[PDB]
file target_12.txt (compact mmCIF, C-alpha atoms)
# COMPACT_ATOMS: atom_id res chain seq x y z
CA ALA P 1 -44.66 59.26 132.70
CA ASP P 2 -46.20 56.01 131.49
CA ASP P 3 -45.12 53.95 128.48
CA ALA P 4 -41.90 55.88 127.82
CA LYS P 5 -40.54 53.03 125.76
CA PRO P 6 -37.05 53.65 124.37
CA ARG P 7 -35.90 52.37 121.00
CA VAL P 8 -32.28 52.58 119.91
CA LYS P 9 -30.75 51.59 116.59
CA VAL P 10 -27.00 51.15 116.59
CA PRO P 11 -24.71 48.46 115.17
CA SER P 12 -23.81 45.72 117.63
CA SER P 13 -20.10 45.76 116.72
CA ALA P 14 -17.58 47.97 114.97
CA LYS P 15 -13.95 47.82 113.98
CA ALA P 16 -11.84 49.52 116.65
CA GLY P 17 -11.79 53.30 115.96
CA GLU P 18 -14.70 53.17 113.52
CA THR P 19 -17.64 55.57 113.62
CA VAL P 20 -21.14 54.29 114.22
CA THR P 21 -24.38 56.16 113.78
CA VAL P 22 -26.71 56.07 116.78
CA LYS P 23 -30.46 56.68 116.54
CA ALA P 24 -32.37 57.06 119.80
CA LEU P 25 -36.15 57.41 120.13
CA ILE P 26 -38.52 57.41 123.09
CA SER P 27 -42.28 57.68 123.32
CA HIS P 28 -43.36 60.86 125.10
CA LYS P 29 -46.14 63.39 124.66
CA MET P 30 -43.79 66.33 125.33
CA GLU P 31 -46.67 68.56 126.43
CA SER P 32 -45.22 71.92 125.44
CA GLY P 33 -46.93 74.50 127.68
CA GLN P 34 -48.44 76.25 124.62
CA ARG P 35 -51.50 74.03 123.94
CA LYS P 36 -54.89 75.31 125.10
CA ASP P 37 -57.65 73.10 126.49
CA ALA P 38 -61.29 73.20 125.34
CA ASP P 39 -61.91 76.24 127.58
CA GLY P 40 -58.91 78.20 126.22
CA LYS P 41 -56.64 77.57 129.22
CA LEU P 42 -52.97 76.67 128.67
CA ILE P 43 -52.05 73.09 129.48
CA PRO P 44 -48.90 72.96 131.65
CA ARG P 45 -45.57 71.86 130.19
CA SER P 46 -44.27 68.39 130.97
CA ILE P 47 -41.39 67.29 128.71
CA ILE P 48 -38.26 65.24 128.69
CA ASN P 49 -35.70 67.98 129.40
CA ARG P 50 -32.36 66.16 128.87
CA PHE P 51 -30.98 63.20 126.97
CA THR P 52 -27.52 61.64 127.37
CA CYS P 53 -25.67 58.91 125.56
CA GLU P 54 -22.50 57.51 127.14
CA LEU P 55 -20.23 54.93 125.59
CA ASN P 56 -18.34 52.95 128.15
CA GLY P 57 -19.15 55.69 130.71
CA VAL P 58 -17.81 58.61 128.63
CA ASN P 59 -20.19 61.12 127.06
CA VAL P 60 -21.06 60.92 123.39
CA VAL P 61 -23.74 63.61 123.45
CA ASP P 62 -25.60 65.54 126.20
CA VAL P 63 -28.68 67.31 124.90
CA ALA P 64 -30.58 70.03 126.78
CA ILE P 65 -34.14 69.66 125.49
CA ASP P 66 -36.76 72.43 125.32
CA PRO P 67 -40.49 72.33 124.54
CA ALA P 68 -39.92 72.82 120.82
CA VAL P 69 -38.45 69.31 120.50
CA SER P 70 -41.19 67.10 118.99
CA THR P 71 -43.46 64.53 120.56
CA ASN P 72 -41.51 61.24 120.77
CA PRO P 73 -38.08 62.87 120.87
CA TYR P 74 -35.60 61.54 118.34
CA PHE P 75 -31.82 62.10 118.35
CA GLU P 76 -29.25 60.88 115.88
CA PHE P 77 -25.49 61.38 116.26
CA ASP P 78 -22.17 59.55 115.73
CA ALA P 79 -20.00 57.69 118.25
CA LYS P 80 -16.36 56.65 117.93
CA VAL P 81 -16.00 53.01 119.04
CA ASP P 82 -12.43 52.54 120.25
CA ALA P 83 -13.20 49.58 122.53
CA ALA P 84 -15.94 47.07 123.48
CA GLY P 85 -18.55 47.64 126.14
CA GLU P 86 -21.87 49.39 126.15
CA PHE P 87 -23.89 52.47 125.34
CA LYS P 88 -26.07 53.88 128.14
CA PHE P 89 -28.95 56.13 127.11
CA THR P 90 -30.69 58.32 129.72
CA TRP P 91 -33.70 60.57 129.40
CA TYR P 92 -34.76 62.92 132.20
CA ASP P 93 -38.44 63.75 132.60
CA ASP P 94 -39.75 67.08 134.02
CA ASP P 95 -41.95 64.84 136.20
CA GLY P 96 -38.90 63.29 137.89
CA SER P 97 -38.81 59.99 136.03
CA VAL P 98 -35.56 58.76 134.51
CA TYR P 99 -35.69 56.43 131.54
CA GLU P 100 -32.74 54.24 130.55
CA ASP P 101 -31.65 51.86 127.83
CA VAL P 102 -28.39 49.95 127.53
CA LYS P 103 -26.96 48.47 124.33
CA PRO P 104 -23.88 46.29 124.05
CA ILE P 105 -21.26 46.92 121.42
CA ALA P 106 -18.41 44.63 120.49
CA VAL P 107 -15.20 45.41 118.65
CA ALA P 108 -14.02 43.46 115.53
CA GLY L 11 -34.59 95.14 126.48
CA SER L 12 -33.42 92.78 123.76
CA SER L 13 -35.24 89.96 121.98
CA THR L 14 -35.21 86.53 123.56
CA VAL L 15 -33.28 85.21 120.57
CA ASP L 16 -30.71 87.97 121.11
CA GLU L 17 -30.46 87.20 124.82
CA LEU L 18 -29.91 83.48 124.22
CA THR L 19 -27.40 84.24 121.47
CA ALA L 20 -25.43 86.64 123.70
CA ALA L 21 -25.30 84.12 126.54
CA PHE L 22 -23.89 81.53 124.10
CA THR L 23 -21.25 83.82 122.56
CA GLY L 24 -20.18 85.52 125.80
CA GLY L 25 -20.84 88.80 124.03
CA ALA L 26 -18.54 88.13 121.06
CA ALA L 27 -19.99 88.25 117.54
CA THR L 28 -21.11 85.22 115.59
CA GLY L 29 -19.05 84.38 112.51
CA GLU L 30 -20.17 82.51 109.42
CA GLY L 31 -19.00 79.24 107.93
CA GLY L 32 -17.93 76.17 109.88
CA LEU L 33 -21.44 74.70 110.16
CA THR L 34 -24.35 73.27 108.21
CA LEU L 35 -27.99 73.67 109.11
CA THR L 36 -30.30 71.40 107.12
CA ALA L 37 -34.04 71.97 107.28
CA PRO L 38 -36.84 71.55 104.70
CA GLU L 39 -37.83 74.52 102.57
CA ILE L 40 -41.47 73.64 103.32
CA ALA L 41 -42.54 71.72 106.44
CA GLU L 42 -45.94 70.13 105.84
CA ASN L 43 -46.36 69.42 109.50
CA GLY L 44 -44.92 71.87 111.94
CA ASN L 45 -45.42 69.37 114.75
CA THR L 46 -42.45 67.40 113.48
CA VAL L 47 -39.83 69.05 111.32
CA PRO L 48 -36.56 67.20 110.67
CA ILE L 49 -33.41 69.26 111.39
CA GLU L 50 -29.76 68.29 111.05
CA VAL L 51 -26.77 70.32 112.18
CA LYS L 52 -23.09 69.68 111.59
CA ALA L 53 -20.18 71.83 112.88
CA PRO L 54 -16.78 70.16 112.69
CA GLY L 55 -14.90 70.76 115.94
CA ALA L 56 -17.82 72.26 117.85
CA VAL L 57 -18.07 71.69 121.57
CA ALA L 58 -21.77 72.59 121.35
CA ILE L 59 -24.51 73.50 118.89
CA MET L 60 -27.58 75.45 120.02
CA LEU L 61 -30.78 75.52 117.94
CA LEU L 62 -33.26 78.40 118.06
CA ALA L 63 -36.63 78.85 116.34
CA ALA L 64 -36.98 82.61 116.04
CA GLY L 65 -40.76 82.61 115.46
CA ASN L 66 -41.68 80.24 118.30
CA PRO L 67 -43.15 81.57 121.56
CA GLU L 68 -40.23 79.98 123.44
CA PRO L 69 -37.42 80.18 120.86
CA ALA L 70 -34.86 77.85 122.48
CA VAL L 71 -35.13 74.40 120.87
CA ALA L 72 -32.17 72.36 122.14
CA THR L 73 -28.48 72.50 122.94
CA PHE L 74 -26.26 69.64 121.78
CA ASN L 75 -23.06 69.21 123.80
CA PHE L 76 -20.60 66.81 122.18
CA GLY L 77 -18.53 64.64 124.49
CA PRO L 78 -15.17 62.92 124.06
CA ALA L 79 -16.74 59.82 122.57
CA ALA L 80 -18.51 61.65 119.71
CA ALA L 81 -16.96 60.71 116.36
CA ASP L 82 -17.97 63.99 114.78
CA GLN L 83 -20.22 66.95 115.53
CA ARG L 84 -23.40 66.06 113.65
CA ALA L 85 -26.80 65.84 115.31
CA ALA L 86 -30.30 65.38 113.96
CA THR L 87 -33.67 65.69 115.65
CA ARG L 88 -37.28 66.66 114.91
CA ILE L 89 -38.72 69.97 116.11
CA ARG L 90 -41.92 71.98 116.37
CA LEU L 91 -42.43 75.23 114.44
CA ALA L 92 -45.48 77.38 115.24
CA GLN L 93 -45.48 79.06 111.82
CA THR L 94 -43.16 80.06 108.98
CA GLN L 95 -39.96 81.37 110.52
CA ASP L 96 -36.21 81.32 110.58
CA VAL L 97 -34.37 78.50 112.31
CA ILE L 98 -30.95 79.45 113.69
CA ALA L 99 -28.00 77.20 114.55
CA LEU L 100 -25.09 78.50 116.68
CA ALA L 101 -21.94 76.38 117.02
CA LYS L 102 -19.26 77.03 119.63
CA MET L 103 -15.67 75.96 119.04
CA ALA L 104 -13.00 74.92 121.57
CA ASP L 105 -11.55 78.43 121.51
CA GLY L 106 -14.95 79.89 122.47
CA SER L 107 -15.69 81.36 119.05
CA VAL L 108 -19.20 81.01 117.63
CA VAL L 109 -20.51 80.61 114.10
CA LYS L 110 -24.10 81.01 112.93
CA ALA L 111 -26.29 79.63 110.19
CA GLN L 112 -29.95 80.56 109.60
CA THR L 113 -32.61 79.36 107.17
CA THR L 114 -36.30 79.96 106.57
CA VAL L 115 -38.75 77.08 106.94
CA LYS L 116 -42.25 77.57 105.52
CA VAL L 117 -44.86 75.87 107.74
CA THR L 118 -48.32 74.71 106.80
CA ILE L 119 -49.69 73.07 110.00
CA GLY L 120 -48.50 74.90 113.15
CA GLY L 121 -46.67 72.83 115.74
CA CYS L 122 -47.14 74.70 118.99
call {"tool": "encode", "arguments": {"input": "target_12.txt", "output": "structure tokens"}}
result
Amino acid sequence: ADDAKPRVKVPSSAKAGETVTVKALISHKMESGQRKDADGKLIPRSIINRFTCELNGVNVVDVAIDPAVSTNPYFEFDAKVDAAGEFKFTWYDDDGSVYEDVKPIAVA
Amino acid sequence: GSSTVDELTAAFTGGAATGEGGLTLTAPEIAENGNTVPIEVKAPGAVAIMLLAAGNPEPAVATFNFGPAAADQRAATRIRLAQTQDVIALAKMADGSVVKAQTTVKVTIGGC
């Protein structure tokens, strides 16, 4: 899908072993499959169906997403930062697209 | 035949019962706009938390699977609710046991 711009908010460093809050947003219509067009016909589903956040290649959270997640899906969760490197955020579209964002994080 | 909520719940529990306690489900008493309702779940120790919306045409909302790099087992998102209904959170622990929390959200504008 077009214009699936990710936005992530997460501190850029942490003390080793500290928790950080991660907030991850992407722009997406998330057409649910329940909306009817002007002629009363259902409009086919097309959503982001999965979101992952990995820290230094290890999973923080893996979310299976269904049509009841809102337009512009938003996820917030907490990562333990034991060592420097990077977060990788991935969103999987029903249409086959894969959206990614990478954010560095340093330690102390 | 069982309800869809019951079917999803049974798949998650492996047929065992749901217990109570061990999790928090936070949702507004009244959601002005059912297109976007903030929900937070917390379940210390959970390997996964599944969210259901029992009055939605397709009740499954999302399943959060916590990996090794999660600091704790909190997640927040925003969801759609078609009308006033109960929202259900199920949390599964490392031993396979499941706990349940449920709360009613009143909805003004429908979100499906």
call {"tool": "atom_distance", "arguments": {"input": "target_12.txt", "atom1": "CA of residue 37 in chain L", "atom2": "CA of residue 55 in chain L"}}
result
21.0 Å
call {"tool": "interface_residues", "arguments": {"input": "target_12.txt", "of": "chain L", "to": "chain P", "cutoff": "12 Å", "atoms": "only C-alpha atoms", "output": "PyMOL selection string"}}
result
chain L and resi 43-52+56-92+97+120-122
call {"tool": "atom_distance", "arguments": {"input": "target_12.txt", "atom1": "CA of residue 89 in chain P", "atom2": "CA of residue 26 in chain P"}}
result
10.5 Å
call {"tool": "atom_distance", "arguments": {"input": "target_12.txt", "atom1": "CA of residue 21 in chain L", "atom2": "CA of residue 48 in chain P"}}
result
23.0 Å
call {"tool": "closest_residue", "arguments": {"input": "target_12.txt", "among": "L:33, L:20, L:15, L:119", "to": "residue 103 in chain L", "atoms": "all atoms listed in the file"}}
result
L:33
call {"tool": "closest_residue", "arguments": {"input": "target_12.txt", "among": "P:104, P:88, P:37, P:93", "to": "residue 4 in chain P", "atoms": "all atoms listed in the file"}}
result
P:93
call {"tool": "closest_residue", "arguments": {"input": "target_12.txt", "among": "L:53, L:35, L:108, L:27", "to": "residue 96 in chain L", "atoms": "only C-alpha atoms"}}
result
L:35
call {"tool": "residues_near_point", "arguments": {"input": "target_12.txt", "point": "(-41.6, 62.6, 135.8)", "cutoff": "9 Å", "atoms": "only C-alpha atoms", "output": "ChimeraX atom specification"}}
result
/P:1,46-48,92-98
call {"tool": "closest_residue", "arguments": {"input": "target_12.txt", "among": "L:54, L:19, L:41, L:11", "to": "residue 104 in chain L", "atoms": "all atoms listed in the file"}}
result
L:54
